[PDB]
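Same chain, two forms, each on its own as structure tokens: structure 1, then structure 2.
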Structure 1
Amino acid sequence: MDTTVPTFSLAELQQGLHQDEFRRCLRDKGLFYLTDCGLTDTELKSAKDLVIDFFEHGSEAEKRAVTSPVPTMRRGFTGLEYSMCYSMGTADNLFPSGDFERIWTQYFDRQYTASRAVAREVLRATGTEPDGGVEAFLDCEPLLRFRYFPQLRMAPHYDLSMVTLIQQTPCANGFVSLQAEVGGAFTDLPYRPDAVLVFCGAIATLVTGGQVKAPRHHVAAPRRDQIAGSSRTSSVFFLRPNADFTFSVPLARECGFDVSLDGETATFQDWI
């Protein structure tokens, strides 16, 4: 019956406020909105604008040169020809211009910085020090995925991340595509001004010894009668651990994560 998603200010958590509520949210829900974490709506709009500019005005040759040769390589564009996707990591990125690169590099850096800070709070709140220290655990291999929807329903999934940070722009018609399972119900997760949405992922669960929930979520597509005015974007930053991050295979099964492999321990690399 507790199906609401709370909001916290990162700065306030860093000051040691709302400790008990933040800890309970992590354990029972594993998601929350976050303000005051160094992200702006304005910076999201600028990053968005320049990619949409490219979608609409880039030539065929320019588009091919920054298109992912194979989608498995999670760098560059897909769907340039439902949605176009732009993906970035920490290296080996594809950029259509110097200004695009500056804008998107800076946007990636701020998202990565905010994800590290929230993850730092998740670790602190549960008394967790990862093997090799907090800092080396958070200096990792993130992935950013931006989707733009101009103009079969999948089952809810949890993320294979420490945390995932999600910014979106709303639909003009009010449709909310993002939902999570909270307290036994599906709960809408709309655009909120000056707040980012944070999911805890399975790595948060494992690294903390099972103190953090990794909630399942999904993205609905609009029905036929909600398609006018359904244009939207989402920006999803996955804070993924280093490939050699090590966890207990037993604890993972115990937590309800599908793990196919055997042994006492495995690495994130093994799993993904």
Structure 2
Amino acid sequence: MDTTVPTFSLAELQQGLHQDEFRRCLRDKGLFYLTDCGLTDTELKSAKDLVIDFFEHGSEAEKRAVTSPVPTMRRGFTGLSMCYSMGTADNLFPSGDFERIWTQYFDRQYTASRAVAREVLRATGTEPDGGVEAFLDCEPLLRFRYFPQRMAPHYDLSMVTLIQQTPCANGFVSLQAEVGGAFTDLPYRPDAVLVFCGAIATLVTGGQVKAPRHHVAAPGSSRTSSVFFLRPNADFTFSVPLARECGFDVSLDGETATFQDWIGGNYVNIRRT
């Protein structure tokens, strides 16, 4: 009945500690807080401050200069509530300190994400087709969103998703996840990042990892979130019969398929039941 969202130290997992507790969490819950992963509250504030300054004080001209011509929220600025997005390349940076700060922040996120994904693979004895490092050298997307003073349940289609929130001034907890058949609060932890396992973790490990559903509840209620999707390459290859065995309703002829075969030609980050 234990419906508590656990916390693991990345460093401790890397030492081979708590493997049973970790495997069990992955199987039964698919989400956890992660400490000791190089992701500090002080840095979150560094990056958050300068993007919030851009959101509030950037001109329409400065904003347009870092807005994509198609409004995909893949790179640069998106007005909706506002978002800033980046990946490993093709970024759009406002002038000044922004690029140095956000490149470093992105890098630390990407490293942490690969590192925890590596532990998810290790804990489940999983060797992706083509090898672990090729699998993790992938197609990440970071999105930073400001929400002024709400979201339908879905599960993520990432390998893993890392989430760093800033809290509502009034102390309301917006993010919730299904745990043990009940929606459970997922509050800000100045000391920890939240990790959701995505459908790709389920797929790659042959069903050893749960992709939990989550949502944001409606109620000083403004908040921001940094969401880092670790997304596989288009050519990530998996077994078709094995996908069917763990609940994927695939329409795929023959025995192996790629991520592109399954999802199509545009990334899809989330899915509803």
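Here, residue number means position along structure 1's sequence, counting from 1. In this text, the rigid core denotes the largest set of C-alpha atoms whose superposition between the two forms falls within 1.5 Å.
Of the two rigid parts of this chain, the smaller turns against the larger by 15 degrees between structures 1 and 2, per C-alpha superposition. A C-alpha shift of 5.8 Å is found for residue 260 between structures 1 and 2, based on superposition of the rigid core. Taking the core as reference, the Cα of residue 162 moves 0.3 angstrom between structures 1 and 2.
A C-alpha shift of 1.0 Å is found for residue 17 between structures 1 and 2, based on superposition of the rigid core.
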